[PDB]
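Trainee: Just so it is clear, I am handing over protein_1.csv, which has CSV, C-alpha atoms.
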chain,number,residue,atom,x,y,z
X,1,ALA,CA,7.1,5.1,-15.8
X,2,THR,CA,9.7,5.0,-13.2
X,3,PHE,CA,9.0,4.5,-9.5
X,4,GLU,CA,11.7,5.0,-7.0
X,5,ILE,CA,10.9,3.0,-3.9
X,6,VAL,CA,12.8,4.3,-0.8
X,7,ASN,CA,13.0,2.6,2.6
X,8,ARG,CA,13.5,5.4,5.2
X,9,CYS,CA,12.4,3.0,8.0
X,10,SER,CA,15.0,2.0,10.6
X,11,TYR,CA,14.2,-1.7,9.8
X,12,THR,CA,14.5,-3.7,6.6
X,13,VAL,CA,11.4,-4.0,4.4
X,14,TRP,CA,10.8,-6.2,1.4
X,15,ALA,CA,9.1,-4.0,-1.2
X,16,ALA,CA,6.5,-5.5,-3.5
X,17,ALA,CA,5.0,-4.3,-6.8
X,18,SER,CA,2.2,-6.1,-8.6
X,19,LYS,CA,-1.0,-5.6,-10.7
X,20,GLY,CA,-2.7,-8.6,-9.2
X,21,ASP,CA,-2.2,-11.1,-12.0
X,22,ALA,CA,1.5,-10.3,-12.7
X,23,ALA,CA,4.6,-8.7,-11.1
X,24,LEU,CA,5.5,-5.2,-12.0
X,25,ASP,CA,9.2,-5.2,-12.9
X,26,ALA,CA,11.0,-7.8,-10.7
X,27,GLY,CA,7.9,-7.8,-8.3
X,28,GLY,CA,9.9,-7.6,-5.1
X,29,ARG,CA,13.2,-6.9,-3.4
X,30,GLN,CA,14.8,-6.5,-0.1
X,31,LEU,CA,15.4,-2.8,1.0
X,32,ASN,CA,17.6,-2.3,3.9
X,33,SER,CA,17.3,1.0,5.9
X,34,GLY,CA,18.1,3.9,3.5
X,35,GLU,CA,18.1,1.7,0.3
X,36,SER,CA,16.4,2.9,-2.9
X,37,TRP,CA,15.1,0.5,-5.6
X,38,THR,CA,14.0,2.0,-9.0
X,39,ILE,CA,11.4,0.1,-11.1
X,40,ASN,CA,9.9,0.6,-14.5
X,41,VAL,CA,6.2,0.2,-14.8
X,42,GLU,CA,4.7,-0.2,-18.3
X,43,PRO,CA,2.5,2.8,-19.4
X,44,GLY,CA,-1.2,2.0,-19.3
X,45,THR,CA,-0.8,-0.2,-16.2
X,46,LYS,CA,-4.2,-0.3,-14.4
X,47,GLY,CA,-4.6,-1.3,-10.8
X,48,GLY,CA,-1.0,-1.5,-9.9
X,49,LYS,CA,0.0,-1.6,-6.2
X,50,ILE,CA,3.2,-1.1,-4.2
X,51,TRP,CA,3.5,-2.2,-0.6
X,52,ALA,CA,6.1,-3.1,2.1
X,53,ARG,CA,6.4,-6.5,3.7
X,54,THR,CA,7.9,-6.9,7.1
X,55,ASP,CA,9.8,-9.7,8.9
X,56,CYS,CA,10.5,-11.9,5.9
X,57,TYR,CA,12.6,-14.9,5.4
X,58,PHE,CA,13.5,-16.2,1.9
X,59,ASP,CA,15.7,-19.1,0.8
X,60,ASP,CA,18.2,-19.2,-2.1
X,61,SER,CA,15.2,-19.7,-4.6
X,62,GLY,CA,13.2,-16.7,-3.4
X,63,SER,CA,10.6,-18.7,-1.5
X,64,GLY,CA,9.6,-18.0,2.0
X,65,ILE,CA,7.3,-16.1,4.4
X,66,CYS,CA,6.6,-12.5,5.7
X,67,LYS,CA,4.6,-11.4,8.7
X,68,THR,CA,2.8,-8.7,6.8
X,69,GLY,CA,2.1,-8.5,3.1
X,70,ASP,CA,3.2,-12.0,2.1
X,71,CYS,CA,2.4,-12.7,-1.6
X,72,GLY,CA,2.1,-16.5,-1.6
X,73,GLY,CA,5.6,-16.9,-0.1
X,74,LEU,CA,7.5,-15.3,-3.0
X,75,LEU,CA,10.3,-12.7,-2.8
X,76,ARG,CA,9.2,-11.6,-6.3
X,77,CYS,CA,5.5,-10.9,-6.0
X,78,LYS,CA,3.1,-12.0,-8.8
X,79,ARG,CA,-0.1,-11.4,-6.8
X,80,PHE,CA,-1.3,-9.0,-4.0
X,81,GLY,CA,-0.1,-9.3,-0.5
X,82,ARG,CA,-1.8,-10.6,2.7
X,83,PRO,CA,-3.2,-7.9,4.9
X,84,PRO,CA,-2.4,-5.8,6.8
X,85,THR,CA,-0.7,-3.7,4.1
X,86,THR,CA,-0.7,0.0,3.6
X,87,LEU,CA,-1.1,0.4,-0.2
X,88,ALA,CA,0.2,2.8,-2.8
X,89,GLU,CA,-2.3,2.3,-5.7
X,90,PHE,CA,-2.1,3.6,-9.2
X,91,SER,CA,-3.6,3.5,-12.7
X,92,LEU,CA,-1.4,5.0,-15.5
X,93,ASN,CA,-2.3,6.6,-18.8
X,94,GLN,CA,-6.1,6.3,-18.3
X,95,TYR,CA,-7.4,8.6,-21.0
X,96,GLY,CA,-4.3,10.8,-20.7
X,97,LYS,CA,-4.1,11.0,-16.9
X,98,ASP,CA,-2.5,9.0,-14.1
X,99,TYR,CA,-4.5,8.3,-10.8
X,100,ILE,CA,-2.7,7.7,-7.5
X,101,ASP,CA,-3.9,7.1,-4.0
X,102,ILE,CA,-3.0,5.5,-0.7
X,103,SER,CA,-5.4,3.0,0.8
X,104,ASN,CA,-5.9,1.5,4.3
X,105,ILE,CA,-8.8,-0.7,3.0
X,106,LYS,CA,-6.5,-3.7,3.5
X,107,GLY,CA,-5.1,-2.4,6.8
X,108,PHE,CA,-1.9,-0.7,7.6
X,109,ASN,CA,1.6,-2.0,8.3
X,110,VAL,CA,4.2,0.6,7.4
X,111,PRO,CA,3.8,4.4,7.1
X,112,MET,CA,4.1,5.7,3.5
X,113,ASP,CA,4.4,8.8,1.2
X,114,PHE,CA,3.5,8.4,-2.5
X,115,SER,CA,4.4,11.5,-4.5
X,116,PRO,CA,5.2,12.4,-8.1
X,117,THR,CA,8.8,13.2,-8.9
X,118,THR,CA,7.6,15.1,-12.0
X,119,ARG,CA,5.4,18.3,-12.3
X,120,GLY,CA,1.7,18.7,-12.2
X,121,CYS,CA,0.2,17.2,-9.0
X,122,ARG,CA,0.6,16.8,-5.2
X,123,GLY,CA,1.6,13.6,-3.3
X,124,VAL,CA,-0.4,11.7,-0.6
X,125,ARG,CA,0.8,10.4,2.7
X,126,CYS,CA,-0.3,8.3,5.6
X,127,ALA,CA,2.5,8.5,8.2
X,128,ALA,CA,0.6,8.5,11.5
X,129,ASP,CA,1.3,5.8,14.1
X,130,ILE,CA,-1.7,3.6,13.2
X,131,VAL,CA,0.0,0.4,14.6
X,132,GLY,CA,0.6,2.0,18.0
X,133,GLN,CA,-2.9,3.4,18.2
X,134,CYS,CA,-4.7,0.4,16.6
X,135,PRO,CA,-8.0,-0.6,18.3
X,136,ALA,CA,-7.5,-3.8,20.3
X,137,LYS,CA,-9.7,-5.9,18.0
X,138,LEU,CA,-7.9,-4.9,14.8
X,139,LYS,CA,-4.3,-5.6,16.1
X,140,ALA,CA,-2.6,-8.3,14.0
X,141,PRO,CA,-0.4,-10.7,16.1
X,142,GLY,CA,2.2,-10.8,13.3
X,143,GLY,CA,2.3,-7.0,13.2
X,144,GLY,CA,0.2,-4.2,11.8
X,145,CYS,CA,-3.4,-3.0,12.1
X,146,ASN,CA,-5.9,-5.0,10.2
X,147,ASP,CA,-8.9,-3.5,8.4
X,148,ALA,CA,-12.4,-4.5,9.8
X,149,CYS,CA,-13.3,-6.5,6.6
X,150,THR,CA,-10.3,-8.8,7.1
X,151,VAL,CA,-11.1,-9.4,10.7
X,152,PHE,CA,-14.9,-9.7,10.8
X,153,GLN,CA,-15.9,-10.6,7.2
X,154,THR,CA,-19.3,-8.8,7.2
X,155,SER,CA,-21.1,-7.3,4.3
X,156,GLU,CA,-20.9,-3.9,6.1
X,157,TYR,CA,-17.1,-3.8,6.5
X,158,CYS,CA,-16.4,-5.5,3.1
X,159,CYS,CA,-19.0,-3.4,1.3
X,160,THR,CA,-20.1,-6.6,-0.4
X,161,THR,CA,-23.4,-5.2,-1.9
X,162,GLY,CA,-21.9,-1.7,-2.6
X,163,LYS,CA,-24.2,-0.3,0.1
X,164,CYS,CA,-22.0,0.3,3.2
X,165,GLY,CA,-21.3,3.3,5.3
X,166,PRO,CA,-18.4,4.4,7.5
X,167,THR,CA,-17.9,2.4,10.7
X,168,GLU,CA,-16.2,2.9,14.1
X,169,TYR,CA,-13.2,1.0,12.6
X,170,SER,CA,-13.0,2.9,9.3
X,171,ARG,CA,-13.3,6.2,11.2
X,172,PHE,CA,-10.2,5.2,13.2
X,173,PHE,CA,-8.1,4.9,10.0
X,174,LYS,CA,-9.7,8.1,8.6
X,175,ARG,CA,-8.9,10.1,11.8
X,176,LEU,CA,-5.2,9.1,11.7
X,177,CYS,CA,-4.9,9.3,7.9
X,178,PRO,CA,-7.5,11.6,6.3
X,179,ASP,CA,-5.7,11.4,2.9
X,180,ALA,CA,-6.0,7.6,2.6
X,181,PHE,CA,-9.1,5.5,1.7
X,182,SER,CA,-10.5,4.1,5.0
X,183,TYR,CA,-13.3,1.9,3.5
X,184,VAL,CA,-14.5,0.9,0.0
X,185,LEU,CA,-17.0,3.7,-0.4
X,186,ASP,CA,-15.0,6.4,1.3
X,187,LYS,CA,-15.0,9.9,-0.3
X,188,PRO,CA,-12.1,9.5,-2.9
X,189,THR,CA,-8.7,10.8,-2.0
X,190,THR,CA,-7.3,9.9,-5.5
X,191,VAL,CA,-5.0,12.5,-7.0
X,192,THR,CA,-5.0,13.1,-10.7
X,193,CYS,CA,-1.5,13.5,-12.2
X,194,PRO,CA,-0.4,14.2,-15.8
X,195,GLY,CA,-0.3,11.0,-17.9
X,196,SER,CA,3.2,9.4,-17.8
X,197,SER,CA,4.3,11.0,-14.5
X,198,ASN,CA,7.1,9.4,-12.5
X,199,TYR,CA,6.9,8.7,-8.8
X,200,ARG,CA,8.6,8.0,-5.5
X,201,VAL,CA,7.1,5.7,-2.8
X,202,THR,CA,8.9,6.4,0.6
X,203,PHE,CA,8.4,4.0,3.5
X,204,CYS,CA,8.6,5.8,6.9
X,205,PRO,CA,8.7,9.3,5.4
X,206,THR,CA,8.8,11.0,8.8
X,207,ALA,CA,10.5,8.4,11.1
When written as structure tokens, how does the structure in this file appear?
Mentor:
Amino acid sequence: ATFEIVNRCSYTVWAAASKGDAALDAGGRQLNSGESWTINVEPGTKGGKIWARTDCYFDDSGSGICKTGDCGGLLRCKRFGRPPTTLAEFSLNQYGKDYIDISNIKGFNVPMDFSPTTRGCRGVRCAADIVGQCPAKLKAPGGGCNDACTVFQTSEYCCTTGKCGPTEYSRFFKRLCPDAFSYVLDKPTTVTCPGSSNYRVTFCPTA
């Protein structure tokens, strides 16, 4: 499957793509404002994620640091990123269908649109100014708006037992972005697409 990752932000982002235990394609790349990076994701990939990282520094060997979404200091991500990270999540060719969503469960750093480039389903978007409106206690000093589980580490926010409800914090993410997961047990906003669809992830789709 092809994913075109487009940076429409006015600032540079370092895109990342991983399935948690391995990189997807090269795993990461710098995208200056307006740049597009096309990756190939193997059919059948389950639990893949794409995210943006901000304010990165990398040396000649691809080792460094990012203020949001750092994946163990690598330019080329092999693992998931450090919150806060708005996430494009996908599972491909699962009994003939693809499943996509946007999640704020690990916080939000950059606005995103995640849409198919092929026929048969709608896209999802979370483009509200969550960082600007972020509740004081969730603001991340390095940038972004943390989820409550990251900040407070309680069974209720992290849904540790699988018995949690919405919270004042999850409702904030849900109010600004109804089409994104706001907590682990949120009413799913997953979209079913035809198996083997192709996609585009756009950072800052509106600004």
Trainee: One number please: CA of residue 151 in chain X to CA of residue 68 in chain X, in Å, one decimal.
Mentor: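 Distance reported for this atom pair: 14.5 Å.
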Trainee: At a cut-off of 12 Å, using all atoms listed in the file, what residues contact residue 110 in chain X? Leave out same-chain residues fewer than 6 positions from it and give the result as a count of residues only.
Mentor: 45
Trainee: Hey, can you check how far CA of residue 74 in chain X sits from CA of residue 62 in chain X?
Mentor: 5.9 Å
Trainee: Rounded to one decimal place, report the CA of residue 100 in chain X-CA of residue 72 in chain X distance in Å.
Mentor: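 Separation between CA of residue 100 in chain X and CA of residue 72 in chain X: 25.4 Å.
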Trainee: Go through X:80, X:108, X:37, X:58 and flag the residue nearest residue 133 in chain X, using all atoms listed in the file for the distances.
Mentor: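 That would be X:108, the residue with the smallest distance to residue 133 in chain X.
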Trainee: Calculated over all atoms listed in the file, which of the candidates X:47, X:116, X:107, X:73 has the smallest distance to residue 174 in chain X?
Mentor: X:107
Trainee: List the spatial neighbours of residue 27 in chain X as a list in words - criterion: any atom at most 10 Å away, all atoms listed in the file, same-chain residues fewer than 3 positions off excluded.
Mentor: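 Once the adjacent positions are removed, what remains is residues 15, 16, 17, 18, 19, 22, 23, 24, 39, 50, 71, 74, 75, 76, 77, 78 and 79 of chain X.
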Trainee: For range 185-194 of chain X, work out the shell of residues within 12 Å, counting only C-alpha atoms and skipping chain neighbours fewer than 2 positions away, then give it as an mmCIF file with C-alpha atoms, in the coordinates of the input.
Mentor:
data_model
loop_
_atom_site.group_PDB
_atom_site.id
_atom_site.type_symbol
_atom_site.label_atom_id
_atom_site.label_comp_id
_atom_site.auth_asym_id
_atom_site.auth_seq_id
_atom_site.Cartn_x
_atom_site.Cartn_y
_atom_site.Cartn_z
ATOM 1 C CA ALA X 1 7.100 5.100 -15.800
ATOM 2 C CA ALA X 88 0.200 2.800 -2.800
ATOM 3 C CA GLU X 89 -2.300 2.300 -5.700
ATOM 4 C CA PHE X 90 -2.100 3.600 -9.200
ATOM 5 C CA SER X 91 -3.600 3.500 -12.700
ATOM 6 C CA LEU X 92 -1.400 5.000 -15.500
ATOM 7 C CA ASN X 93 -2.300 6.600 -18.800
ATOM 8 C CA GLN X 94 -6.100 6.300 -18.300
ATOM 9 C CA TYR X 95 -7.400 8.600 -21.000
ATOM 10 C CA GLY X 96 -4.300 10.800 -20.700
ATOM 11 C CA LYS X 97 -4.100 11.000 -16.900
ATOM 12 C CA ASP X 98 -2.500 9.000 -14.100
ATOM 13 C CA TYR X 99 -4.500 8.300 -10.800
ATOM 14 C CA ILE X 100 -2.700 7.700 -7.500
ATOM 15 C CA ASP X 101 -3.900 7.100 -4.000
ATOM 16 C CA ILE X 102 -3.000 5.500 -0.700
ATOM 17 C CA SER X 103 -5.400 3.000 0.800
ATOM 18 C CA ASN X 104 -5.900 1.500 4.300
ATOM 19 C CA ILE X 105 -8.800 -0.700 3.000
ATOM 20 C CA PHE X 114 3.500 8.400 -2.500
ATOM 21 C CA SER X 115 4.400 11.500 -4.500
ATOM 22 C CA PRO X 116 5.200 12.400 -8.100
ATOM 23 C CA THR X 117 8.800 13.200 -8.900
ATOM 24 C CA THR X 118 7.600 15.100 -12.000
ATOM 25 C CA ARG X 119 5.400 18.300 -12.300
ATOM 26 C CA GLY X 120 1.700 18.700 -12.200
ATOM 27 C CA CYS X 121 0.200 17.200 -9.000
ATOM 28 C CA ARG X 122 0.600 16.800 -5.200
ATOM 29 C CA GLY X 123 1.600 13.600 -3.300
ATOM 30 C CA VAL X 124 -0.400 11.700 -0.600
ATOM 31 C CA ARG X 125 0.800 10.400 2.700
ATOM 32 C CA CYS X 126 -0.300 8.300 5.600
ATOM 33 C CA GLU X 156 -20.900 -3.900 6.100
ATOM 34 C CA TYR X 157 -17.100 -3.800 6.500
ATOM 35 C CA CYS X 158 -16.400 -5.500 3.100
ATOM 36 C CA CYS X 159 -19.000 -3.400 1.300
ATOM 37 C CA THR X 160 -20.100 -6.600 -0.400
ATOM 38 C CA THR X 161 -23.400 -5.200 -1.900
ATOM 39 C CA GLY X 162 -21.900 -1.700 -2.600
ATOM 40 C CA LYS X 163 -24.200 -0.300 0.100
ATOM 41 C CA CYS X 164 -22.000 0.300 3.200
ATOM 42 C CA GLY X 165 -21.300 3.300 5.300
ATOM 43 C CA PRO X 166 -18.400 4.400 7.500
ATOM 44 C CA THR X 167 -17.900 2.400 10.700
ATOM 45 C CA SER X 170 -13.000 2.900 9.300
ATOM 46 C CA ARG X 171 -13.300 6.200 11.200
ATOM 47 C CA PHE X 173 -8.100 4.900 10.000
ATOM 48 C CA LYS X 174 -9.700 8.100 8.600
ATOM 49 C CA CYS X 177 -4.900 9.300 7.900
ATOM 50 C CA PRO X 178 -7.500 11.600 6.300
ATOM 51 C CA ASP X 179 -5.700 11.400 2.900
ATOM 52 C CA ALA X 180 -6.000 7.600 2.600
ATOM 53 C CA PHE X 181 -9.100 5.500 1.700
ATOM 54 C CA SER X 182 -10.500 4.100 5.000
ATOM 55 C CA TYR X 183 -13.300 1.900 3.500
ATOM 56 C CA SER X 196 3.200 9.400 -17.800
ATOM 57 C CA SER X 197 4.300 11.000 -14.500
ATOM 58 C CA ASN X 198 7.100 9.400 -12.500
ATOM 59 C CA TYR X 199 6.900 8.700 -8.800
#
